[PDB]
Amino acid sequence: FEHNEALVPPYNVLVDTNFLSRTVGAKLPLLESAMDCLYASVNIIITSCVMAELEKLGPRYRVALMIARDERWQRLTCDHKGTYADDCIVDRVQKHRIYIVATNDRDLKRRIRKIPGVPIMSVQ
Amino acid sequence: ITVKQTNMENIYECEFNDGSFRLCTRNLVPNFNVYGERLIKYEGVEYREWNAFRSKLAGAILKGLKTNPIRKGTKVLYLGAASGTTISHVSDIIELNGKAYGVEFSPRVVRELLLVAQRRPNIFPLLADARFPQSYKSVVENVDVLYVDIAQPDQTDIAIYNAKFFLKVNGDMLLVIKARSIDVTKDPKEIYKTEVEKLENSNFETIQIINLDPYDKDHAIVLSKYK
Amino acid sequence: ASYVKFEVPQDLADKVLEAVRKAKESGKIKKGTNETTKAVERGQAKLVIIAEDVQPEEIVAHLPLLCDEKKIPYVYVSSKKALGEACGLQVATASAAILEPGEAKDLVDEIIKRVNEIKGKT
Amino acid sequence: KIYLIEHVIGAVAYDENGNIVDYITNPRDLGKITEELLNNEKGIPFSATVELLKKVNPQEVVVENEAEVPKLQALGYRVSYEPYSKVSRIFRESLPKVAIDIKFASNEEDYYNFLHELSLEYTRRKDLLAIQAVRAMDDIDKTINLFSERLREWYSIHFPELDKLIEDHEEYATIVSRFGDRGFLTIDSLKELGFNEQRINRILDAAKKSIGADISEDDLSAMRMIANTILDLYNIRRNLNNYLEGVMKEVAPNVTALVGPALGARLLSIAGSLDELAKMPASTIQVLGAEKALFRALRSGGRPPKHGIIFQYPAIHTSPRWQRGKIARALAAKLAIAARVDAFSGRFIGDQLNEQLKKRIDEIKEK
Amino acid sequence: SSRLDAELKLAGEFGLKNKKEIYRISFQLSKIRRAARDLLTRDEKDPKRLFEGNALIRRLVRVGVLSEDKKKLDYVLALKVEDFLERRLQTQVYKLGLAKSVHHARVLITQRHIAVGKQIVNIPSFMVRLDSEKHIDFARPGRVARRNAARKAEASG
RNA sequence: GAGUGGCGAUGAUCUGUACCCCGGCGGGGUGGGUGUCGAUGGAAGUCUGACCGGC
């Protein structure tokens, strides 16, 4: 598609809040799942906005938070945690179309496909 | 030939006998060149040709550096001054008012920096290890620009450490990211991303990130403001 | 010898001579101390190779200093006859430079990264 | 609690707020500061600091460097250190200024003059005269010629025939200097400088039959001022050559072995320093001087100079035009090696270098 | 699309090595099971982790594998794909002078010429290991490789 | 029986192919640009004229 590649191990993957919930309440090993599909070392991360949003969810749905605050995902310190998870990831990946995005938000995925060179992952 | 000012102070462009455009600076010591560079007289004022292939700053300009924080009367701490190529050009830019503190830990090379710094009251040479700012704490003052071009794997960390010693709050840091001397194995583009994050996870506000290609392979320069 | 800055194990020394040969074939090299110098001064060189048995040592002594200013990595080999004979010459050479690696890019990138490790870095 | 600062400027004590509680200014002496800075590296406190810690009597002190702590504990105080402390920053923020306030320098102008020279000397601790000398020599050469040219044009109003009779400028000048008028010229006085039998006669006959002008003593002495200046410069030149030889053998013996002191120095002058000459490829050394000729060739793709200031080497300018480029190339190559053994230390190996060079020249000449 | 820009990537590797198909598919799957089974470390040092260890680790390889480390060979999943690619004559036989440039190479690999120290090796996608012997052999004779030995300085990687 | 003399980075090639000439070479001239200076040399080669003011 005319997109010049320069991705190198370990892949940087932003995991969104929905994916985190999902993998938690269905017992899906998110870390190993990504290393499996990317077939290489992966650094799994979550923006501060995504994990904050989880924090609210965490008030009545305990379990996502702990996994989401795990070193496996390493925090990506965005400048705008206040912005919906969706917009957060979008504004972070818009300058760094480098990072792979794992999201359950088919709306966020659609608007990321626009940007050349953004691997997209999700759970069926 | 024609020489004229650019958007940035004391930095000029030349129209040439043939129609080429090259950067130059106003010669602080007329009749004298530091490397092999061309000396050029126009309307009775002498300018030093600024080869982009040698000087990373000239490179960054030619790759569209928004705003250059190095100007008339600026105080710069220059980590990795080497033989004096680039630092001589920042001496020209800064003029007698401003000051450049050149830190360099390779004696073989400070040898040739000495010659540059003798001729130029602007430049204060220092044979010391940028990893220990304590060893030159007692000669330098605080500064406006932290220009950092050092071949070290932990170059970024070194830069941040010097910053919290010497960089003025709201001052600027030009940091050269040498992919191949941080790690020859990793992808240059993965390195640029992870080093910038170190600056952000301190408190530097990334202003602009330039890729120095044609001029410097596997290099990127970051401009950011310390808070 | 004193112009030798660090220690190169023979495995690496052989991987260097290999890298040079493939670069004659598929890329562009410079051979000889003067031409190597000009290649550094001009910033063209990606890797500089210096022999350890140069006989007046000082002939290549300026290269470490020069390469550091221009931030071009350099490496050692033990025989100058061996480097020249790699270079496609039938005589010795004291120093050489790789300008474009061609079909040795992968091989060079491993060298410029091993000499980083045995130099310090990370 | 007292926060202590050490700087080139002296030793300053601050409180936690960032106010100078007390200070002791250093002496404005390059020698002593440099040494105390070198000493500070090993943890030894400034002597200004020792005096300051007495004047103030502080219970808890905090320094900049961790190596100092145990030294000041051995001196009687309870001590710690803070790395990039707010105080240390506060001090350097006002460091252009507080140099004047504690009277280390009268103004900013020569705080920086001093600090520049401290830095120069402090790194020196961790060839210029050769260059200057040859540059003056070259000025003198130039001037001798200008004056001699003038003198001949001037003095020939009186004695025109003497100009084509004396080739040598120094000789010509000696005659005008000792005589002025041509009717003051004598077999005796001319023998008394070693002019040969036959030549003295041709001079005196030319002076006798001269179609020159008869001219006052005021006019002649005007001319004789120039003649004496010319004579003065020749002596100064010869003195400068011996001086130059002295320094050149000391600073770059191998180079001097190859091309002589003057030309050796001359290359240093163009290169800027010995280390700069040492960093050069032969192909540069071969063309130094001759920049106009070089860049003309590089801009247009024309023919380059075979030789710059190197032209002066006897083997080149005396040799026929088709040999010169080869001789130059061989010389430059050797000079690059010469400069490098000279730069990166010590050993004289100028004899084999000369021997190798003369081998190369002998081969060139047999074609 | 990512599908698209992928179908770019592949064509990039399509002479980032030299192939003409989906041998990129070959090597790919490889990388899978390599990782895969491997990545199934998991686990401990089960005397199994042991044999498998120096085992898959003895992937090295020459022209093949990594260099000197691991353990974690998923690095390969990064490499392998982008590394296992070279190694074999398909790659590491241009990067040795003889071959004028990949193409001008596979052709001799096939066309009788180009042989691994005795015996040709038409299988124009063998694998290299202890290479210094990858000459022409030839047995008037293999011309394209026998005189154009500009490889007489093919010191490459 | 003792000492010397032995390709080589500590370094061969490429281009100043000048022209062509007479005997790859000797010599020759014509060439290039470049160091010197010169000559005297060559340069619309040597301003303008109605009224200027003070009153």
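First, a word on scope: everything that follows refers to the structure included in this document. Numbers given to residues start from 1 along each chain, in the order its sequence is written, and need not follow the entry; residues that have no coordinates are not shown. A letter from A marks each chain and a number from 1 marks each ligand, given out in the order of writing. Shown here: chains from a larger assembly, with each value referring to the shown part only. Only hydrogens and water are removed before side-chain values are computed, so all heavy atoms of the structure are retained for them. Residues with missing side-chain atoms are left out of burial classes, side-chain pairs and their counts.

## Side note on the overall build of chain E
This is how it is decided: A run of DSSP states H or I qualifies as a helix once it reaches four residues; a run of E qualifies as a strand once it reaches two. Both are numbered from the N-terminal end.
Secondary structure summary: chain E contains 5 helices and 0 strands in total. Listed N to C, the secondary structure of chain E is α-α-α-α-α in terms of helices and strands. Taking the principal axes of its C-alpha atoms as reference, chain E extends roughly 60 × 45 × 25 Å.

## Considering the overall build of chain C
Test applied: Only the C-alpha atoms count toward the radius of gyration. The rule for a globule is 2.2 Å times the residue count to the power 0.38.
Regarding its fold elements, chain C presents 5 helices and 4 strands. Along the chain direction, N to C, the helices and strands of chain C fall in the order α-β-α-β-α-β-α-β-α. Expected size for 122 residues packed as a compact globule is a radius of gyration near 14 Å; at 13 Å, chain C falls within 12% of this value. Once the C-alpha set of chain C is aligned to its principal axes, its extents read approximately 40 × 35 × 30 Å.

## A few points about the packing of helix α8 (residues 169-178) of chain D against helix α11 (residues 217-251) of chain D
Residue and element names in this part refer to chain D. Inclusion rule: What counts as an axis is a line fitted to C-alpha atoms, over the stretch in contact for a helix, and the angles between N-to-C directions run from 0 to 180 degrees. Roughly parallel here means an angle under 35 degrees, roughly antiparallel means over 145, roughly perpendicular means 65 to 115, and every remaining angle is called oblique. Note on convention: near helix rotated counterclockwise from far helix by under a right angle means a left-handed crossing. Clockwise means right-handed. Whether two residues touch is decided by their heavy atoms; if any such pair falls within 4.5 Å, the residues are in contact. For this classification, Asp, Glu, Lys and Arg are treated as charged, while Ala, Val, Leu, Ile, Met, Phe, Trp, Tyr, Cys and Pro are nonpolar and the rest, including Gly, are polar.
Where α8 contacts α11, the two axes come as close as 8 Å, and the packing angle between them is 135°. Accordingly, the angle class assigned to the pair α8 and α11 is oblique. Relative to α11, α8 is oriented so that their crossing is left-handed. Residues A173, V176 and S177 of α8 lie in contact with α11, whose contacting residues are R224, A227 and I230. The class makeup of the residues in the contact of α8 with α11 is 4 nonpolar, 1 polar and 1 charged.

## Focus on the interface of chain A and chain E
Chain A puts 7 residues into the contact, and the matching count from chain E is 8 residues. Residue composition of the side of chain A that touches chain E, grouped by class: 5 nonpolar, 2 polar and no charged.

## Quick word on the pairing of strand β9 (residues 143-148) of chain B
Strand residues, when the strand is regular, have side chains that alternate between the two faces of the sheet. Residue and element names in this part refer to chain B. Formally: Two strands pair if DSSP finds at least two bridges between them. Throughout, right-handed denotes a crossover for which the path from the first strand over the helix to the second runs clockwise when the strands point away from the viewer.
Looking at chain direction, strand β6 (residues 75-79) and β9 are connected through 4 bridges and run parallel. Looking at β9, one finds that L79 is bridged to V148. Note: β9 against strand β10 (residues 167-178), 5 bridges, orientation parallel. Residue pairing across strands places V145 opposite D172, the latter belonging to β10. At this point the chain moves from β9, through helix α4 (residues 155-166), to the parallel β10, and the crossover so formed is right-handed.

## Considerations on the sheet that holds strand β2 (residues 11-15) of chain B
Residue and element names in this part refer to chain B. Across the sheet, which stays open at both edges, the 5 strands sit in the order β1-β2-β3-β5-β4 with antiparallel pairing between neighbours. In this open sheet, the two strands that pair with only one neighbour each are β1 (2-5) and β4 (39-42). Ignoring which end each strand starts from, the neighbouring axes of this sheet average 40° apart. Bridge count for strand β3 (residues 21-26) against strand β5 (residues 45-49) is 3 bridges, and the pairing is antiparallel. By the bridge assignment, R26 is partnered in β5 with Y47.

## Overview of unusual backbone geometry
Of note, the amide linkage connecting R42 of chain E to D43 of chain E takes the cis form, showing an omega dihedral of -5°. Along the chain, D43 of chain E falls in the loop between α2 (23-39) and α3 (48-57). Between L60 of chain E and the following residue, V61 of chain E, the backbone shows a cis peptide bond with an omega angle of 0°. Position of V61 of chain E among the secondary structure elements: in the loop between α3 and α4 (74-78). The phi torsion at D218 of chain B lies on the positive side, around 60°, for a residue other than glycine. With respect to the helices and strands, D218 of chain B occurs in the loop between β11 (204-211) and β12 (219-226).

Geometric values such as these leave the question of function open.
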